[PDB]
């Protein structure tokens, strides 16, 4: 019927949304791991930078002007590495915060969309509709971008007049923003981890001329 065309368009929209909701917790975990890795590297760069500044300062005691300038430079880099590690702390904290928000969102809807599909698998109007929903039982999306999340939410909202589809769009719009901020926060942790490494290296190069402890 056009009723079967409607139901097939509707089953496809449920399938697209369900696949994105199963991918979100896997994606947030990769970001959470990445932020944790970026932060711990920034803390290793700060610890190493502090050591170099200490090797330079002990070395430059009673030293020349072009030896005392080195310790001052290794000290300034050791603090720049420390300050970048502090910025990586704050960025990773945001990653955990946006990941939590997105995990509450996935939790709210994944079982609902999965159950609606299970119904279409068992009682779908056509064998095509039942086949699409059966294939979508455990399917996961390849990726989730804020734009893919809202597109699929608007598509569902256009096919389903039920209030649920409208409330899903409202929530998916909030989650698309949280997903965009999860990616900005991950880049900021990586940027600060690189900033701390560069400073560690500047401290280590200036301290190269002095003896180790």
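Positions refer to the first chain, counted from 1.
Residue stretch of maximal mean CA temperature factor, 16-24 vs 186-194: Looking at the recorded C-alpha B-factors, 186-194 comes out higher on average.
Entry-level comparison of average CA B-factors, 150-158 and 39-47, reporting the higher stretch: Going by the record's values, the stretch with the higher mean is 39-47.
Identity of residue with top Cα B-factor, from 72, 87, 100, 130: The listed residue with the largest C-alpha B-factor is 72.
Residue selected from 52, 165, 172, 179 by maximal Cα B factor: Largest recorded C-alpha B-factor: 52.
Modelled-residue ranking by C-alpha temperature factor, third containing residue 77: It belongs to the highest third of the chain when residues are ordered by C-alpha B-factor.
Within-chain third of residue 2 by Cα B-factor, per the entry: Highest third.
Residue 135 - Cα temperature factor, lowest/middle/highest third of chain: Its C-alpha B-factor, which the entry lists for residue 135, ranks in the highest third among residues of this chain.
Chain thirds of CA B-factor: placement of residue 142: It belongs to the highest third of the chain when residues are ordered by C-alpha B-factor.
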